[PDB]
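Starting off, we have a lone chain in the form deposited in one PDB entry, written out as structure tokens.
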């Protein structure tokens, strides 16, 4: 594979820090080595000295004097080595990528710690997109990806979706406007990638099947496009065995996968990870190096100490307690919507995630009902407009989150909504 067509002139021009290069000779050398190279501060000047963090069902994490100096100090752009080896290990355990032992240039598996999955996704789009480029996704999509894409000046082509996510025949229909050989020609302007959330799509909650994923991968191989697998709900799947990922089937080294610890470990710590082909992961690390330098060494050390003590087993037991809480929350929003919304609205049961996508029966645009009327009543929800490329277009949909609300709060929220849905249909 040739990654050069997937990287901008700006991204290709990125160079490794000539400072880190000299600094890395220090880490590969003996204790007798003297360095006057790095601009690392003296950590003894830092005011925080020790840290003791308690863990619910787990050993208390302690940062002694030395560990604290390391945690308060600079670290590599890709991430701390202990977090990197544990995450690569996990990707192999879970997804067993075929690329593990490929040569670097051919797209060997590489991983980098990002400041949330959002940072990885952002740096990938900025790496790939030139203004006017064609890009594939299924609308409704995650707003953060729509807000990243909009300033990039690309052409978003919508791929049809149902309850089983992206319809492969819709993808086959869009792709048919180009020839498989048109991928090799830049001027023919073939799509650079396919963006998708294969588990509990934000905001629908729909998941792709194994069969659909295989049809999508064969199409990515045929029209030589990348698959941006943004999977933050891979660990939040409801009443399902884990369907293989696009990374698990990545024989070509054409999948960039974004994983998030935001729903399972911490949203505020800003720790996510990006898995993909080494030439592309490298371009992302070089952009991180000039922006954030590296993710918080402190937060990485907090997560790495927890993760290492749990094991890939203790981690999974934790994922299971998290799914349990979110299933009970989904059951509660579903009970509330059954009680108040049946006959007034339509919704599919989410497969993964923390959102219910509700279609209002007799209203074309729920924008004023949700932004004006519902707000004035003290009930907040999201209008469907926020999850489309054209936000000016009317939407009969709303997104309801079930993460934090108590059953009794959901009951009050939906009664207000049914009352507001009725006050909108009762106008003769």
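Take the two forms, find the largest set of C-alpha atoms that superpose within 1.5 Å, and that set is the rigid core. Numbering follows the first chain given and starts at 1.
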**Asked** Is it true that residue 39 has no coordinates in a third or more of the other entries in the comparison?
**Response** no
**Prompt:** Between us, would residue 372 come up missing in a third or more of the other compared entries?
**Reply:** yes
**Asked** 154-162 versus 135-143: which one carries the higher mean Cα B factor per the record?
**Response** 154-162
**Request:** Check the entry's C-alpha temperature factors for 258-266 and 88-96, then say which stretch has the higher mean.
**Result:** 88-96
**Prompt:** Of the choices 231, 282, 331, 173, which one's C-alpha carries the largest B-factor in the record?
**Reply:** 173
**Prompt:** Highest Cα B-factor in the PDB entry belongs to which of 123, 278, 339, 184?
**Reply:** 184
**Request:** Rank-wise, by C-alpha B-factor, drop residue 109 into the lowest, middle or highest third of its chain.
**Result:** middle
**Request:** Give the position of residue 130 by CA B-factor within its chain, expressed as the lowest, middle or highest third.
**Result:** middle
**Request:** Quick one: classify residue 47 as lowest, middle or highest third of the chain based on its Cα B-factor.
**Result:** lowest
**Prompt:** Is the Cα B-factor recorded for residue 409 in the lowest, middle or highest third of its chain?
**Reply:** middle
**Request:** Consider only the C-alpha atoms of the modelled residues in this chain, order them by B-factor as the entry records it, and name the third containing residue 353: lowest, middle or highest.
**Result:** lowest
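The next section is about a form of this same protein that is not shown, the form deposited in another entry.
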**Request:** Go through 54, 42, 27, 392 and flag the only one whose CA is off by 2 Å or more between the shown form and the other one, rigid core held fixed.
**Result:** 27
